[PDB]
């Protein structure tokens, strides 16, 4: 690695060490030994440790703080990725491998909140990376557009409930984009964490959203991951939402080659999204338990759940509505990830009813 890069790494390391109140996984795991063992390494595409950690050095409030610029990074900088992955996913040993894909028996899911007293809406998404392309920081504008054409072409073959239309982000008026974000369908722009990871270059070229007219099946193109495949609807019918995602992912997989790793499962830009890449969530109101952000988070962590704001991560709850989802994605099956969300929510509803 060039000397300028080395100097920036040293400054980054010092900045992390000195931030006493920083709680990121990056600060916790980038010890002097780990740092010294990988700071001189570079992947075949030229990715360095600075490309990996810059977003977390610049944003000390990061929960994790690292990203993979390319697939090789996961191993080149394994001394840093491995402990962070183990910590975030609730145990992932050096000898563990992500289990084979398994959606599970959908009929076993339990009807949530039948009276409709708590759950506002349900969503399950997965992420996929196209084989043959690196992650955001290493893409050219030309690649972004080539990928956009490939994905939008494949999606034009979706049928029946999944049939839809592609909407390029350029092309959207300010009001059109705002409404789709306000309604929780479209990804927001200007995320400081992604920007500093060099993940928003050439914005909005190559970015956009595919969705069926009902907006129950959507695919984000070129935001954090190459693809985010999403199933969502109002209410609490997790079974229907999950079945639709399964159907969509099985179909798209037959049409587009995605990157998969024997140890990490499906590859993604952020290590928190490896493995199943699955985030099953509900927008839910638990007034007696959500009397405080922190108290709700501490209850949720006991069930391997994470709490986000109404407009997603790094936002606040509005009107008492929180996004609660399974935290873990690697080292457990797809069925198990959706079950951790379902089981935890079932328990949190029991706790809310008994609270007083």
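Residue numbers count along the first chain shown, from 1.
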#### Entry: Segment of higher mean CA temperature factor, 319-327 or 293-301
293-301
### Query
Comparing 92-100 with 167-175, where is the mean C-alpha B-factor higher?
167-175
### Message
Take the CA temperature factors straight from the PDB entry and tell me which of 53, 64, 47, 307 peaks.
### Response
47
### Message
Ranking the modelled residues of this chain by C-alpha B-factor as given in the entry, is residue 182 in the lowest, middle or highest third?
### Response
highest
### Task
Would you please rank residue 20 by its C-alpha temperature factor against the other modelled residues of its chain and give the third it falls in: lowest, middle or highest?
highest
### Message
Using the temperature factors of the C-alpha atoms in this entry, rank residue 68 within its chain: lowest, middle or highest third.
### Response
lowest
### Query
Lowest, middle or highest third: where is residue 74 by C-alpha B factor in its chain?
middle
## Note on the structure
Chain-relative C-alpha B factor for residue 311 (record values, thirds): the middle
